[PDB]
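Novice: Sharing run.csv below, CSV, C-alpha atoms:
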chain,number,residue,atom,x,y,z
A,10,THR,CA,12.8,-109.9,-33.7
A,11,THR,CA,11.5,-113.6,-33.2
A,12,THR,CA,8.6,-113.9,-35.8
A,13,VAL,CA,5.7,-116.1,-34.4
A,14,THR,CA,2.9,-118.1,-36.2
A,15,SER,CA,1.0,-118.9,-32.9
A,16,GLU,CA,-0.3,-118.5,-28.5
A,17,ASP,CA,2.6,-121.2,-28.3
A,18,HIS,CA,5.1,-119.4,-30.8
A,19,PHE,CA,4.2,-116.0,-29.2
A,20,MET,CA,5.0,-117.2,-25.7
A,21,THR,CA,8.1,-119.1,-27.1
A,22,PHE,CA,9.7,-116.0,-28.8
A,23,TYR,CA,8.8,-114.2,-25.5
A,24,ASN,CA,10.6,-116.8,-23.3
A,25,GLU,CA,13.6,-116.7,-25.8
A,26,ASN,CA,14.1,-112.9,-25.2
A,27,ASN,CA,14.3,-113.2,-21.3
A,28,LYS,CA,16.8,-110.2,-20.8
A,29,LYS,CA,15.0,-107.7,-23.2
A,30,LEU,CA,11.3,-107.5,-24.2
A,31,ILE,CA,9.5,-109.5,-27.0
A,32,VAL,CA,6.4,-107.5,-28.2
A,33,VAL,CA,4.1,-110.1,-29.9
A,34,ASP,CA,2.1,-108.2,-32.7
A,35,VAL,CA,-1.0,-110.5,-33.2
A,36,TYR,CA,-2.7,-109.5,-36.5
A,37,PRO,CA,-2.6,-105.8,-37.5
A,38,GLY,CA,-5.0,-102.9,-38.5
A,39,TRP,CA,-6.1,-104.8,-41.8
A,40,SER,CA,-4.8,-103.1,-45.0
A,41,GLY,CA,-2.5,-105.9,-46.4
A,42,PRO,CA,-1.0,-106.5,-42.9
A,43,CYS,CA,1.7,-109.1,-43.8
A,44,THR,CA,3.9,-106.9,-46.1
A,45,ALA,CA,3.4,-103.8,-43.8
A,46,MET,CA,4.3,-105.9,-40.6
A,47,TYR,CA,7.7,-107.1,-42.2
A,48,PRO,CA,8.5,-103.6,-43.4
A,49,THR,CA,7.7,-102.0,-39.9
A,50,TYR,CA,9.5,-105.2,-38.4
A,51,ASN,CA,12.7,-103.9,-40.1
A,52,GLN,CA,12.6,-100.1,-39.1
A,53,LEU,CA,11.4,-101.0,-35.6
A,54,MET,CA,14.1,-103.9,-35.5
A,55,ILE,CA,16.5,-100.9,-36.3
A,56,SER,CA,14.7,-98.7,-33.6
A,57,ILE,CA,14.3,-101.6,-31.1
A,58,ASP,CA,17.5,-103.9,-31.5
A,59,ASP,CA,20.1,-101.4,-33.0
A,60,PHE,CA,18.9,-98.0,-31.8
A,61,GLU,CA,17.4,-98.9,-28.3
A,62,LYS,CA,18.4,-102.6,-27.8
A,63,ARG,CA,15.4,-103.0,-25.5
A,64,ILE,CA,12.6,-105.1,-27.3
A,65,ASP,CA,12.1,-107.7,-30.1
A,66,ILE,CA,8.7,-107.8,-31.9
A,67,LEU,CA,7.0,-111.2,-33.0
A,68,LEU,CA,4.3,-110.4,-35.6
A,69,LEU,CA,2.0,-113.4,-34.7
A,70,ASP,CA,0.7,-115.0,-38.0
A,71,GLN,CA,-3.1,-115.1,-37.9
A,72,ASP,CA,-4.1,-116.9,-34.7
A,73,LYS,CA,-5.5,-115.8,-31.2
A,74,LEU,CA,-2.1,-115.5,-29.4
A,75,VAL,CA,-3.1,-111.9,-28.1
A,76,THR,CA,-6.3,-113.3,-26.4
A,77,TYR,CA,-4.4,-116.2,-24.8
A,78,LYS,CA,-1.5,-113.9,-23.6
A,79,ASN,CA,-4.3,-111.4,-22.3
A,80,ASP,CA,-5.9,-114.5,-20.6
A,81,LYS,CA,-2.5,-115.7,-19.0
A,82,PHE,CA,-1.7,-112.1,-17.9
A,83,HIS,CA,-4.9,-111.3,-15.9
A,84,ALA,CA,-3.5,-107.7,-16.2
A,88,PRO,CA,-4.4,-105.9,-33.5
A,89,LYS,CA,-3.1,-106.6,-29.9
A,90,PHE,CA,0.4,-106.0,-28.4
A,91,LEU,CA,1.6,-108.4,-25.6
A,92,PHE,CA,5.0,-107.3,-24.0
A,93,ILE,CA,6.6,-110.3,-22.2
A,94,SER,CA,9.4,-110.3,-19.6
A,95,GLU,CA,11.2,-113.7,-19.4
A,96,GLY,CA,8.2,-115.4,-21.2
A,97,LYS,CA,5.6,-114.2,-18.7
A,98,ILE,CA,2.7,-111.7,-19.7
A,99,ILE,CA,3.7,-108.3,-18.2
A,100,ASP,CA,2.0,-105.7,-20.6
A,101,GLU,CA,-1.2,-106.0,-22.8
A,102,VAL,CA,-2.5,-103.1,-25.0
A,103,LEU,CA,-5.2,-103.6,-27.8
A,104,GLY,CA,-5.8,-101.2,-30.8
A,105,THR,CA,-5.1,-101.1,-34.6
A,106,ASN,CA,-3.4,-98.6,-37.0
A,107,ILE,CA,-3.6,-97.9,-40.8
A,108,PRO,CA,-0.6,-97.4,-43.2
A,109,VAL,CA,0.9,-94.3,-41.5
A,110,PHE,CA,1.2,-96.1,-38.0
A,111,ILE,CA,4.3,-93.9,-37.0
A,112,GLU,CA,1.8,-91.9,-34.8
A,113,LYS,CA,0.4,-95.2,-33.4
A,114,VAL,CA,4.1,-96.3,-32.9
A,115,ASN,CA,5.0,-92.9,-31.2
A,116,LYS,CA,1.8,-93.3,-29.1
A,117,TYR,CA,3.0,-96.9,-28.4
A,118,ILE,CA,6.4,-95.6,-27.0
A,119,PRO,CA,6.4,-96.4,-24.1
A,120,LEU,CA,4.5,-98.2,-21.2
A,121,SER,CA,6.0,-100.6,-18.7
B,1257,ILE,CA,21.9,-99.4,-21.3
B,1258,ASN,CA,24.0,-102.0,-19.3
B,1259,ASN,CA,24.1,-99.7,-16.2
B,1260,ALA,CA,20.2,-99.5,-16.4
B,1261,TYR,CA,19.7,-103.3,-16.5
B,1262,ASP,CA,22.4,-103.5,-13.7
B,1263,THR,CA,20.3,-101.0,-11.6
B,1264,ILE,CA,17.3,-103.3,-12.4
B,1265,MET,CA,19.1,-106.1,-10.5
B,1266,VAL,CA,20.0,-103.9,-7.4
B,1267,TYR,CA,16.2,-102.8,-7.2
B,1268,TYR,CA,14.9,-106.5,-7.4
B,1269,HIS,CA,17.5,-107.3,-4.6
B,1270,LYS,CA,16.1,-104.3,-2.5
B,1271,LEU,CA,12.4,-105.4,-3.2
B,1272,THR,CA,13.4,-108.9,-1.8
B,1273,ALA,CA,15.0,-107.4,1.4
B,1274,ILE,CA,11.9,-105.0,1.4
B,1275,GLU,CA,9.7,-108.2,1.6
B,1276,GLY,CA,11.9,-109.9,4.3
B,1277,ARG,CA,11.1,-106.8,6.5
B,1278,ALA,CA,7.3,-106.6,5.7
B,1279,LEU,CA,7.2,-110.4,6.8
B,1280,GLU,CA,9.1,-109.7,10.1
B,1281,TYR,CA,6.7,-106.8,10.9
B,1282,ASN,CA,3.4,-108.8,10.4
B,1283,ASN,CA,5.0,-111.8,12.3
B,1284,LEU,CA,5.6,-109.3,15.2
B,1285,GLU,CA,2.1,-107.8,14.8
B,1286,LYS,CA,0.8,-105.9,17.9
B,1287,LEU,CA,-0.4,-102.8,15.8
B,1288,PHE,CA,2.9,-100.9,15.8
B,1289,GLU,CA,2.8,-97.8,13.5
B,1290,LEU,CA,6.7,-97.9,13.2
B,1291,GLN,CA,6.4,-101.2,11.2
B,1292,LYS,CA,4.1,-99.7,8.6
B,1293,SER,CA,6.1,-96.4,8.3
B,1294,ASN,CA,9.5,-98.3,7.5
B,1295,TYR,CA,7.4,-99.8,4.7
B,1296,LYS,CA,6.2,-96.3,3.6
B,1297,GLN,CA,10.0,-95.4,3.6
B,1298,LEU,CA,10.8,-98.4,1.3
B,1299,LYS,CA,7.8,-97.8,-1.2
B,1300,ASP,CA,9.3,-94.2,-1.6
B,1301,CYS,CA,12.7,-95.7,-2.7
B,1302,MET,CA,10.9,-98.1,-5.1
B,1303,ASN,CA,8.9,-95.3,-6.8
B,1304,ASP,CA,12.2,-93.2,-7.1
B,1305,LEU,CA,13.8,-96.3,-8.7
B,1306,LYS,CA,10.8,-96.4,-11.1
B,1307,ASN,CA,11.4,-92.7,-11.9
B,1308,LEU,CA,15.1,-93.5,-12.7
B,1309,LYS,CA,13.8,-96.3,-14.9
B,1310,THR,CA,11.6,-93.9,-17.1
B,1311,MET,CA,14.7,-91.4,-17.1
B,1312,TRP,CA,17.2,-94.0,-18.5
B,1313,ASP,CA,14.5,-94.9,-21.1
B,1314,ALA,CA,14.3,-91.3,-22.3
B,1315,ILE,CA,18.2,-91.2,-22.5
B,1316,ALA,CA,18.1,-94.3,-24.9
B,1317,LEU,CA,15.5,-92.7,-27.2
B,1318,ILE,CA,17.8,-89.5,-27.1
B,1319,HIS,CA,20.9,-91.5,-28.1
B,1320,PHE,CA,18.8,-93.0,-31.0
B,1321,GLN,CA,18.1,-89.5,-32.4
B,1322,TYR,CA,21.8,-88.5,-31.7
B,1323,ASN,CA,22.8,-91.7,-33.7
B,1324,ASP,CA,20.5,-90.8,-36.6
B,1325,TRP,CA,22.2,-87.3,-36.6
B,1326,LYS,CA,25.9,-88.6,-37.0
B,1327,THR,CA,24.6,-90.9,-39.9
B,1328,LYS,CA,23.2,-87.8,-41.6
B,1329,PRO,CA,26.5,-85.9,-41.1
B,1330,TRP,CA,28.3,-88.7,-43.1
B,1331,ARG,CA,25.4,-88.7,-45.6
B,1332,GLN,CA,25.6,-84.8,-45.6
B,1333,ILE,CA,23.6,-83.5,-48.7
B,1334,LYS,CA,22.5,-79.8,-48.8
B,1335,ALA,CA,18.9,-80.7,-49.8
B,1336,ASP,CA,18.8,-83.7,-47.3
B,1337,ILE,CA,20.4,-81.8,-44.3
B,1338,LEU,CA,17.7,-78.9,-44.5
B,1339,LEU,CA,14.8,-81.4,-44.5
B,1340,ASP,CA,16.6,-83.5,-41.8
B,1341,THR,CA,17.2,-80.3,-39.7
B,1342,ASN,CA,13.4,-79.4,-39.8
B,1343,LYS,CA,12.0,-82.9,-38.7
B,1344,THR,CA,14.8,-83.5,-36.0
B,1345,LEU,CA,14.1,-79.9,-34.6
B,1346,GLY,CA,10.3,-80.9,-34.4
B,1347,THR,CA,11.0,-84.4,-32.8
B,1348,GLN,CA,13.6,-82.9,-30.3
B,1349,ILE,CA,11.0,-80.2,-29.2
B,1350,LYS,CA,8.4,-83.0,-28.8
B,1351,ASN,CA,10.7,-85.0,-26.4
B,1352,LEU,CA,11.7,-82.1,-24.1
B,1353,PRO,CA,8.0,-81.1,-23.5
B,1354,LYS,CA,7.2,-84.8,-22.8
B,1355,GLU,CA,9.9,-84.7,-20.0
B,1356,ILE,CA,8.4,-83.5,-16.6
B,1357,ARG,CA,8.6,-84.1,-12.7
B,1358,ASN,CA,10.7,-87.3,-12.0
B,1359,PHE,CA,13.8,-86.7,-9.8
B,1360,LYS,CA,16.5,-83.9,-9.8
B,1361,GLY,CA,19.5,-83.7,-12.2
B,1362,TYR,CA,17.1,-84.0,-15.2
B,1363,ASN,CA,17.8,-80.3,-16.2
B,1364,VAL,CA,21.4,-81.5,-16.9
B,1365,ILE,CA,19.9,-83.9,-19.6
B,1366,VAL,CA,17.4,-81.3,-21.0
B,1367,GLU,CA,20.2,-78.8,-21.7
B,1368,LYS,CA,22.1,-81.6,-23.7
B,1369,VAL,CA,18.9,-81.8,-25.9
B,1370,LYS,CA,18.7,-77.9,-26.1
B,1371,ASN,CA,22.4,-78.0,-27.4
B,1372,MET,CA,21.2,-80.7,-30.0
B,1373,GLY,CA,18.5,-78.3,-31.4
B,1374,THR,CA,21.0,-75.3,-31.9
B,1375,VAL,CA,23.3,-77.6,-34.1
B,1376,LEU,CA,20.1,-78.6,-36.1
B,1377,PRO,CA,19.6,-74.8,-36.9
B,1378,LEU,CA,23.3,-74.6,-38.1
B,1379,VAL,CA,23.0,-77.7,-40.4
B,1380,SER,CA,20.0,-76.0,-42.2
B,1381,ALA,CA,22.2,-73.0,-43.0
B,1382,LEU,CA,24.9,-75.3,-44.6
B,1383,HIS,CA,21.9,-76.8,-46.5
B,1384,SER,CA,20.8,-73.5,-48.0
B,1385,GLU,CA,24.3,-72.7,-49.4
B,1386,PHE,CA,23.8,-68.9,-48.9
B,1387,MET,CA,27.6,-68.6,-47.8
B,1388,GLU,CA,30.7,-69.0,-50.0
B,1389,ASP,CA,34.2,-70.2,-48.8
B,1390,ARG,CA,35.4,-66.4,-48.5
B,1391,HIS,CA,32.4,-65.8,-46.1
B,1392,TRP,CA,33.2,-69.2,-44.4
B,1393,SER,CA,36.9,-68.0,-43.9
B,1394,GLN,CA,36.0,-64.6,-42.3
B,1395,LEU,CA,33.7,-66.4,-39.8
B,1396,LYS,CA,36.4,-69.1,-39.4
B,1397,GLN,CA,38.9,-66.4,-38.5
B,1398,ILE,CA,36.6,-65.1,-35.7
B,1399,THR,CA,35.5,-68.7,-34.8
B,1400,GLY,CA,39.2,-70.0,-34.9
B,1401,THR,CA,37.8,-73.4,-36.2
B,1402,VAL,CA,40.2,-75.5,-38.4
B,1403,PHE,CA,37.2,-77.0,-40.4
B,1404,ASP,CA,35.8,-74.8,-43.2
B,1405,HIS,CA,32.2,-74.4,-44.6
B,1406,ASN,CA,32.3,-77.8,-46.5
B,1407,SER,CA,35.5,-79.6,-45.2
B,1408,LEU,CA,34.4,-83.3,-44.8
B,1409,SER,CA,31.5,-85.6,-43.6
B,1410,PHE,CA,32.6,-85.9,-39.9
B,1411,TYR,CA,32.4,-82.0,-39.6
B,1412,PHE,CA,29.1,-82.4,-37.6
B,1413,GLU,CA,31.3,-83.7,-34.6
B,1414,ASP,CA,33.9,-80.8,-35.0
B,1415,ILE,CA,31.1,-78.2,-35.1
B,1416,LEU,CA,30.2,-79.5,-31.5
B,1417,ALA,CA,33.5,-78.4,-30.0
B,1418,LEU,CA,32.6,-74.7,-30.8
B,1419,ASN,CA,29.7,-74.3,-28.2
B,1420,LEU,CA,26.3,-73.7,-29.9
B,1421,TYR,CA,25.4,-71.2,-27.0
B,1422,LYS,CA,29.0,-69.7,-27.0
B,1423,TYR,CA,29.3,-69.6,-30.9
B,1424,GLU,CA,25.7,-69.2,-32.2
B,1425,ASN,CA,25.8,-65.3,-32.2
B,1426,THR,CA,29.1,-65.2,-34.3
B,1427,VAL,CA,27.8,-68.1,-36.7
B,1428,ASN,CA,24.3,-66.5,-36.8
B,1429,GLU,CA,25.9,-63.0,-37.5
B,1430,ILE,CA,28.2,-64.9,-40.1
B,1431,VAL,CA,25.2,-66.7,-41.7
B,1432,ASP,CA,23.1,-63.4,-41.8
B,1433,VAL,CA,26.0,-61.5,-43.6
B,1434,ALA,CA,26.2,-64.5,-46.0
B,1435,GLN,CA,22.4,-64.3,-46.9
B,1436,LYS,CA,22.7,-60.5,-47.6
B,1437,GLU,CA,25.7,-61.3,-49.9
B,1438,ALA,CA,23.7,-64.2,-51.6
B,1439,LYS,CA,20.9,-61.7,-52.3
B,1440,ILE,CA,23.5,-58.9,-53.2
B,1441,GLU,CA,25.3,-61.5,-55.6
B,1442,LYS,CA,21.9,-62.7,-57.2
B,1443,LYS,CA,21.1,-59.0,-58.2
B,1444,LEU,CA,24.6,-58.7,-59.7
B,1445,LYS,CA,23.8,-62.1,-61.5
B,1446,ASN,CA,20.4,-60.8,-62.6
B,1447,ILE,CA,22.1,-57.5,-63.7
B,1448,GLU,CA,25.1,-59.4,-65.4
B,1449,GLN,CA,22.6,-61.6,-67.2
B,1450,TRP,CA,20.7,-58.5,-68.6
B,1451,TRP,CA,23.8,-56.8,-70.2
B,1452,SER,CA,25.3,-60.2,-71.3
B,1453,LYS,CA,22.2,-61.1,-73.4
B,1454,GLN,CA,20.7,-58.0,-75.2
B,1455,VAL,CA,19.9,-57.3,-78.9
B,1456,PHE,CA,19.7,-53.8,-80.6
B,1457,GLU,CA,18.8,-55.1,-84.2
B,1458,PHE,CA,19.2,-53.0,-87.4
B,1459,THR,CA,15.8,-52.1,-89.0
B,1460,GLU,CA,16.3,-50.7,-92.6
B,1461,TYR,CA,14.7,-47.2,-93.1
B,1462,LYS,CA,15.5,-45.8,-96.6
B,1463,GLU,CA,19.1,-47.3,-97.1
B,1464,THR,CA,20.2,-47.0,-93.4
B,1465,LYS,CA,20.1,-49.6,-90.5
B,1466,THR,CA,18.4,-48.0,-87.4
B,1467,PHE,CA,18.0,-48.5,-83.6
B,1468,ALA,CA,14.2,-49.3,-83.5
B,1469,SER,CA,12.7,-50.6,-80.1
B,1470,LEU,CA,15.9,-49.4,-78.3
B,1471,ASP,CA,13.6,-48.0,-75.5
B,1472,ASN,CA,12.5,-51.6,-74.4
B,1473,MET,CA,16.1,-52.5,-73.3
B,1474,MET,CA,16.8,-48.8,-72.4
B,1475,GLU,CA,14.1,-49.3,-69.7
B,1476,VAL,CA,15.9,-52.5,-68.3
B,1477,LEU,CA,19.2,-50.5,-67.9
B,1478,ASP,CA,17.3,-47.8,-65.8
B,1479,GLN,CA,16.1,-50.6,-63.4
B,1480,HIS,CA,19.5,-52.4,-63.2
B,1481,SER,CA,21.2,-49.0,-62.6
B,1482,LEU,CA,18.6,-48.1,-59.9
B,1483,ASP,CA,19.5,-51.5,-58.4
B,1484,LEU,CA,23.3,-50.7,-58.7
B,1485,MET,CA,22.5,-47.2,-57.1
B,1486,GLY,CA,20.7,-49.2,-54.4
B,1487,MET,CA,23.6,-51.7,-54.3
B,1488,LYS,CA,26.1,-48.9,-53.6
B,1489,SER,CA,23.6,-47.4,-51.1
B,1490,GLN,CA,25.0,-49.2,-47.9
B,1491,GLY,CA,24.8,-53.1,-48.0
B,1492,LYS,CA,27.3,-54.7,-45.5
B,1493,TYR,CA,27.4,-57.7,-48.0
B,1494,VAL,CA,27.5,-55.1,-51.0
B,1495,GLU,CA,31.0,-53.9,-49.8
B,1496,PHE,CA,32.8,-57.2,-51.0
B,1497,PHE,CA,31.4,-57.0,-54.6
B,1498,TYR,CA,30.6,-53.2,-54.4
Here is a file; write its structure as structure tokens.
Specialist:
Amino acid sequence: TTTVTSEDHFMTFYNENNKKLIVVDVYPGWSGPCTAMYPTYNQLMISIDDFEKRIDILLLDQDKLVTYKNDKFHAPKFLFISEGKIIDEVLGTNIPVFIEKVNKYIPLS
Amino acid sequence: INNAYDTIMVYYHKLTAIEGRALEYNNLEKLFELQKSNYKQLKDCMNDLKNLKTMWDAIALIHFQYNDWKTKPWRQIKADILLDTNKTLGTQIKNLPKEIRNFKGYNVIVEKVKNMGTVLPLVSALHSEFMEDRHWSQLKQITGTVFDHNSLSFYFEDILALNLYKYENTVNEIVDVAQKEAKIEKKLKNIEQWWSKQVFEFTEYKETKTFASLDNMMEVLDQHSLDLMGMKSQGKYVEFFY
């Protein structure tokens, strides 16, 4: 995981993870999103870096990194970069039990 | 995971060569169908590569559930294993139905997942604790497995060597005989508890202690005895403590 605070810090954490994926998580589905994001950012970091070793996830601290990545692609929001270039954009939020949303999330190219 | 990303490079190399052809054809021009068909041949190989991609992806998710399983063997826990066995069985069933179409050789992978579910049913039986060591030894004699009912934490790996398909019937037959014995023992424990704790108190009449309300416990003996009559009446598991 390469936690972002911006579209600059979202595309920077993206470009840093050039071999694997870097799934920027711009905002969330409301409901005290900061604490839930870091808690999901641990179990997913176990399911993504340790279990899968395929993707990092950069929970973008409140900006419009999702809209700028969706703009730069042409193709809460979820921007999945490949060598710092917009490859996969999917919009939609989730409540506290977002394991179903995460299972639904797994897995588009 | 390395082999997958390695394959990713070979495909990108093929797509490049693929382009270098598609250039040469258009450069030629002249409306030749053979130029466009060689392309139709290449696009086929690209889609097949993409299938292989989604396949290797499924394998990685599979290893993640297989990795969670070995951690739960070390953790063990009778109450934890039963709950773990239920959810994993549900998740495993979910993955197999998700798998469809793609290329050939996928059946080889699906059977590996099918073997994973059978072990999940066995873990739940260890969880219940309906079998003793004496029951575990008789099945172990037929099984010929060095590891007992509750040997160690790495026993989940050892249980693998004894094929789930080849040694489910024997273990199932073993686990079934155990449950009948757990039931048969519990009645003996219910009966042993009744005779252990009883009280025929002495109620004074004129100048003599007397057995008053002896019927109330006399009724309980008739039920226990009718159980013990029923306990002698067959019971495969009865025979051991018969």
Novice: When distances are computed from only C-alpha atoms, which of A:92, A:110, A:82, A:117 shows the smallest separation from residue 24 (chain A)?
Specialist: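 The answer is A:92, which sits nearest to residue 24 (chain A).
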Novice: Using all atoms listed in the file, find the one residue out of B:1450, B:1476, B:1320, B:1295 that sits nearest to residue 1275 (chain B).
Specialist: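 For residue 1275 (chain B), the nearest of the candidates is B:1295.
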Novice: With distances taken over all atoms listed in the file, which residue among A:66, A:95, A:28, A:34 lies nearest chain B?
Specialist: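 That would be A:28, the residue with the smallest distance to chain B.
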Novice: List the spatial neighbours of residue 70 (chain A) as a PDB file with C-alpha atoms, keeping the file's coordinate frame - criterion: any atom at most 12 Å away, only C-alpha atoms, same-chain residues fewer than 5 positions off excluded.
Specialist:
ATOM      1  CA  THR A  11      11.500-113.600 -33.200  1.00  0.00           C
ATOM      2  CA  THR A  12       8.600-113.900 -35.800  1.00  0.00           C
ATOM      3  CA  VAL A  13       5.700-116.100 -34.400  1.00  0.00           C
ATOM      4  CA  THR A  14       2.900-118.100 -36.200  1.00  0.00           C
ATOM      5  CA  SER A  15       1.000-118.900 -32.900  1.00  0.00           C
ATOM      6  CA  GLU A  16      -0.300-118.500 -28.500  1.00  0.00           C
ATOM      7  CA  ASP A  17       2.600-121.200 -28.300  1.00  0.00           C
ATOM      8  CA  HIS A  18       5.100-119.400 -30.800  1.00  0.00           C
ATOM      9  CA  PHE A  19       4.200-116.000 -29.200  1.00  0.00           C
ATOM     10  CA  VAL A  33       4.100-110.100 -29.900  1.00  0.00           C
ATOM     11  CA  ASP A  34       2.100-108.200 -32.700  1.00  0.00           C
ATOM     12  CA  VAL A  35      -1.000-110.500 -33.200  1.00  0.00           C
ATOM     13  CA  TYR A  36      -2.700-109.500 -36.500  1.00  0.00           C
ATOM     14  CA  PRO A  37      -2.600-105.800 -37.500  1.00  0.00           C
ATOM     15  CA  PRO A  42      -1.000-106.500 -42.900  1.00  0.00           C
ATOM     16  CA  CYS A  43       1.700-109.100 -43.800  1.00  0.00           C
ATOM     17  CA  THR A  44       3.900-106.900 -46.100  1.00  0.00           C
ATOM     18  CA  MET A  46       4.300-105.900 -40.600  1.00  0.00           C
ATOM     19  CA  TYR A  47       7.700-107.100 -42.200  1.00  0.00           C
ATOM     20  CA  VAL A  75      -3.100-111.900 -28.100  1.00  0.00           C
ATOM     21  CA  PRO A  88      -4.400-105.900 -33.500  1.00  0.00           C
TER      22      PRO A  88
END
Novice: In Å, rounded to a single decimal, give me how far CA of residue 1388 (chain B) is from CA of residue 1442 (chain B).
Specialist: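 Between CA of residue 1442 (chain B) and CA of residue 1388 (chain B) the gap is 13.0 Å.
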Novice: As an exercise, work out the distance from CA of residue 1299 (chain B) to CA of residue 96 (chain A) in Å and give it to one decimal place.
Specialist: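 Spanning CA of residue 1299 (chain B) to CA of residue 96 (chain A) is a straight-line distance of 26.6 Å.
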Novice: Hey, can you check how far CA of residue 78 (chain A) sits from CA of residue 101 (chain A)?
Specialist: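 CA of residue 101 (chain A) lies at a distance of 7.9 Å from CA of residue 78 (chain A).
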Novice: Quick one: contact table of chain B to chain A, 12 Å max, nearest atom pair and distance in Å to one decimal per residue, counting all atoms listed in the file, chain and number order, as JSON lines?
Specialist:
{"residue": "B:1257", "atom": "CA", "partner": "A:62", "partner_atom": "CA", "distance": 8.0}
{"residue": "B:1258", "atom": "CA", "partner": "A:62", "partner_atom": "CA", "distance": 10.2}
{"residue": "B:1260", "atom": "CA", "partner": "A:63", "partner_atom": "CA", "distance": 10.9}
{"residue": "B:1261", "atom": "CA", "partner": "A:28", "partner_atom": "CA", "distance": 8.6}
{"residue": "B:1262", "atom": "CA", "partner": "A:28", "partner_atom": "CA", "distance": 11.3}
{"residue": "B:1264", "atom": "CA", "partner": "A:28", "partner_atom": "CA", "distance": 10.9}
{"residue": "B:1265", "atom": "CA", "partner": "A:28", "partner_atom": "CA", "distance": 11.3}
{"residue": "B:1306", "atom": "CA", "partner": "A:121", "partner_atom": "CA", "distance": 9.9}
{"residue": "B:1307", "atom": "CA", "partner": "A:121", "partner_atom": "CA", "distance": 11.7}
{"residue": "B:1309", "atom": "CA", "partner": "A:121", "partner_atom": "CA", "distance": 9.7}
{"residue": "B:1310", "atom": "CA", "partner": "A:121", "partner_atom": "CA", "distance": 8.9}
{"residue": "B:1311", "atom": "CA", "partner": "A:119", "partner_atom": "CA", "distance": 12.0}
{"residue": "B:1312", "atom": "CA", "partner": "A:61", "partner_atom": "CA", "distance": 11.0}
{"residue": "B:1313", "atom": "CA", "partner": "A:61", "partner_atom": "CA", "distance": 8.7}
{"residue": "B:1314", "atom": "CA", "partner": "A:119", "partner_atom": "CA", "distance": 9.6}
{"residue": "B:1315", "atom": "CA", "partner": "A:61", "partner_atom": "CA", "distance": 9.7}
{"residue": "B:1316", "atom": "CA", "partner": "A:61", "partner_atom": "CA", "distance": 5.8}
{"residue": "B:1317", "atom": "CA", "partner": "A:61", "partner_atom": "CA", "distance": 6.6}
{"residue": "B:1318", "atom": "CA", "partner": "A:61", "partner_atom": "CA", "distance": 9.5}
{"residue": "B:1319", "atom": "CA", "partner": "A:60", "partner_atom": "CA", "distance": 7.7}
{"residue": "B:1320", "atom": "CA", "partner": "A:60", "partner_atom": "CA", "distance": 5.1}
{"residue": "B:1321", "atom": "CA", "partner": "A:60", "partner_atom": "CA", "distance": 8.6}
{"residue": "B:1322", "atom": "CA", "partner": "A:60", "partner_atom": "CA", "distance": 9.9}
{"residue": "B:1323", "atom": "CA", "partner": "A:60", "partner_atom": "CA", "distance": 7.6}
{"residue": "B:1324", "atom": "CA", "partner": "A:60", "partner_atom": "CA", "distance": 8.8}
{"residue": "B:1347", "atom": "CA", "partner": "A:115", "partner_atom": "CA", "distance": 10.5}
{"residue": "B:1350", "atom": "CA", "partner": "A:115", "partner_atom": "CA", "distance": 10.7}
{"residue": "B:1351", "atom": "CA", "partner": "A:115", "partner_atom": "CA", "distance": 10.9}
{"residue": "B:1354", "atom": "CA", "partner": "A:118", "partner_atom": "CA", "distance": 11.6}
Novice: Could you check which of A:91, A:32, A:106, A:72 is closest to residue 53 (chain A), using all atoms listed in the file?
Specialist: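 So, comparing all the options, the nearest one is A:32.
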Novice: Taking (0.5, -116.1, -18.4) in the file's coordinates, which residues come within 10 Å, counting only C-alpha atoms, written as a PDB file with C-alpha atoms, in the coordinates of the input?
Specialist:
ATOM      1  CA  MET A  20       5.000-117.200 -25.700  1.00  0.00           C
ATOM      2  CA  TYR A  77      -4.400-116.200 -24.800  1.00  0.00           C
ATOM      3  CA  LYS A  78      -1.500-113.900 -23.600  1.00  0.00           C
ATOM      4  CA  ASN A  79      -4.300-111.400 -22.300  1.00  0.00           C
ATOM      5  CA  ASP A  80      -5.900-114.500 -20.600  1.00  0.00           C
ATOM      6  CA  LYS A  81      -2.500-115.700 -19.000  1.00  0.00           C
ATOM      7  CA  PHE A  82      -1.700-112.100 -17.900  1.00  0.00           C
ATOM      8  CA  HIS A  83      -4.900-111.300 -15.900  1.00  0.00           C
ATOM      9  CA  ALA A  84      -3.500-107.700 -16.200  1.00  0.00           C
ATOM     10  CA  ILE A  93       6.600-110.300 -22.200  1.00  0.00           C
ATOM     11  CA  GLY A  96       8.200-115.400 -21.200  1.00  0.00           C
ATOM     12  CA  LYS A  97       5.600-114.200 -18.700  1.00  0.00           C
ATOM     13  CA  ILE A  98       2.700-111.700 -19.700  1.00  0.00           C
ATOM     14  CA  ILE A  99       3.700-108.300 -18.200  1.00  0.00           C
TER      15      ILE A  99
END
Novice: Contacts of residue 1390 (chain B) at 10 Å or less, counting all atoms listed in the file, minus same-chain residues fewer than 6 places along, as a PyMOL selection string?
Specialist: chain B and resi 1396+1404-1405+1434+1496
Novice: For region 1414-1422 of chain B, list every protein, DNA or RNA residue within 7 Å, evaluated using all atoms listed in the file, and leave out those in the same chain fewer than 3 positions away; present the list as a ChimeraX atom specification.
Specialist: /B:1371,1374-1375,1411
Novice: Mind checking which residues fall within 9 Å of residue 1383 (chain B), counting all atoms listed in the file, ignoring those fewer than 5 positions away in the same chain, and posting them as a VMD selection string?
Specialist: chain B and resid 1332 to 1339 1341 1378
Novice: Between B:1271, B:1308, B:1482, B:1474, which has the minimum distance to residue 1360 (chain B) (counting only C-alpha atoms)?
Specialist: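 With only C-alpha atoms as the atom set, the closest residue is B:1308.
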